[PDB]
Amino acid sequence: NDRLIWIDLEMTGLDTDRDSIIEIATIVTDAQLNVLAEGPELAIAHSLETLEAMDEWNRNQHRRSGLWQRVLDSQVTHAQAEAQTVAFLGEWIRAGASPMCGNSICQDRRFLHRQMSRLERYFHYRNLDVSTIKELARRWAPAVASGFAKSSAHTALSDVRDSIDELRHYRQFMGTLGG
């Protein structure tokens, strides 16, 4: 172990039962949050009809980021993206060792469970959600949030990259627990 798998996904919506994963990205860091390697960043093939069926903020966001065009042009399926990610991970850590790390990852895990089971099982059942710390800061030390801002970026790779930086930021104000 001593290595963490960070992941983030983009979806068509919020319904963990109906919506679909359209983009995925992973990053492996050591226990001290140093990036060791960036995994494949894949947009997943979906029909134009599926994209227009999304809400409004969703459509605008993905349009502006360019993900909308990557999805239509993509030739990668859920199974293909799953296989490549698992292969990437296989070169850094054995299955079942690392918790799933990121922001609001419970939501992500529920999507993986349905569309990318093999990848879901590659994770330890434990989650490492930066949101938990964000919630505590918000209630106990509001000022601590003022020092961090998320990247302008939009892709999943920058999002996961921001999650690591966010924890890295909070760690400075965690005292003894921060190490």
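Quick note: we count residues from 1 along the sequence shown, nothing fancier.
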If you take the mean CA temperature factor per stretch, which one wins between 48 to 56 and 27 to 35?
48 to 56
Mean Cα B-factor check, 109 to 117 vs 59 to 67, entry values; winner is 59 to 67
Based on the entry's values, in what third of the chain does the Cα temperature factor of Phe148 lie: lowest, middle or highest?
highest
Tell me, lowest, middle or highest third: where does the Cα B factor of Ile22 rank within its chain?
lowest
Within-chain third of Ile93 by Cα B-factor, per the entry:
highest
Entry-reported C-alpha B-factor of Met11 relative to its chain, by third, is middle
